[PDB]
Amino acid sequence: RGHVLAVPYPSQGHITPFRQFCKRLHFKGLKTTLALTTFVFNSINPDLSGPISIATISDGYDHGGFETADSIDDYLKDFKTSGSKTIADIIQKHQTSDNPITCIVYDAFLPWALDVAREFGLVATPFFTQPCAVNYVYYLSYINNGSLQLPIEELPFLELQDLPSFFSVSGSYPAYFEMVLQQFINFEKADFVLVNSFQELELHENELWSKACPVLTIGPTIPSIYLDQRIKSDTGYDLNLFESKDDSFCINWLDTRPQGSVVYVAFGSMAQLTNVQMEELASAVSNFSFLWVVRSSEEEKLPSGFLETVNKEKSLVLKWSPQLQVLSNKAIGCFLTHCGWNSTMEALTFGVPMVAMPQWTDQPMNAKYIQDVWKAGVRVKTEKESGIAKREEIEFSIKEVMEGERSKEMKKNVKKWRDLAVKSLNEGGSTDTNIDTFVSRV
């Protein structure tokens, strides 16, 4: 008779793994309530794929969300204040109910949630939505104090341009940098540490980070239908902040294309590219058959007249994609990606080789593992005066994944991950066992 209150950070790349993890807990017999901010809750269009219980909380920006904050530091500060009160509201209200909350799974970005869980005598477990290698680097910085020493002794192959953007773009995003460092301020006092990865994907880094902490890999959070198929209702991502266009057009359009012919291009839910970068992309893209996601707020930055000179026989532009169905479609030749962790793990488990074009935060690390560890893609060369990828380098990287000699080797190397993820989610696998360890304790 346990009840987990799950609290993601209010963004798509964090709500999705949290929701998928709750579906796994429901399948194991554990009730969950998902705590969403009021702005996010009123932004979702509910087409559910499974049972869901949602409580709303506040970050202090119910009306406008993050865009109405004065600054990133004010947003996180108000969210700790408002979010701590409204999380406590849910726990207190449920204390006289059939199933009082017994545990808080909270986003590692929000370590103040452990203070609330302690105040009510609850089990507390941070949930890291980024891979073990990224988190371990941040842990090493924190136990120093905000500084990392290259080379990292137990990971000597990493260079400065492989690190999270906060290290290589000096002074960038100081409040977000303090946030990722402060994920470890009280993890000492946490019962477990949960991570959206699976052990066979980063054995070395999972082993290293586990010496410091009790870490439980519980991923990948990809819907059950694509992998182990143990959860029959888990057919897709069902908490979308972005309207889905009514997905059939894009997937009908992909079915007409020859196998491996389409270059899929997407940058996640919040990355913003410059006009100069959009033009180098739009030029490089146009030498190929492509499916490119440009979010509605980014359409301004494409060259004027572009969305009409597209060749509609071979190519298509969307505001948002059904990315899971896109990546499982065999018209896809390769994935030009910003290397957000969900998109990386989705590309890996589906066997789609990548052109890595990291933009910031943990993306450079994922780009490095994509190219040099998993050997499932190549990283675009960026010119150093700008940080920008020129169209000729973007085109070279696409062709290297689409057709070169290492292209054939990268396709077989990435096809191994599906069965390893499936094995991990099935009975007796590392993730399935780690979920049972967590459920037993709760």
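Residue numbers run from 1 along the displayed sequence.
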Once average C-alpha B-factors are taken from the entry for 147-155 and 73-81, the winner is 147-155
So which stretch wins on mean C-alpha B-factor, 35-43 or 379-387? 379-387
Name the residue from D362, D98, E178, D89 with the greatest C-alpha temperature factor listed in the entry. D98
Sort the modelled residues of this chain by their C-alpha B factor and say whether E409 lands in the lowest, middle or highest third. highest
Which third of the chain does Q12 land in by C-alpha B-factor: lowest, middle or highest? lowest
Hey, what third does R230 fall into on Cα B-factor, ranked over its chain? middle
Using the B-factors in the PDB entry, rank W209's C-alpha atom against the chain and give the third, lowest, middle or highest. middle
Consider only the C-alpha atoms of the modelled residues in this chain, order them by B-factor as the entry records it, and name the third containing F335: lowest, middle or highest. lowest
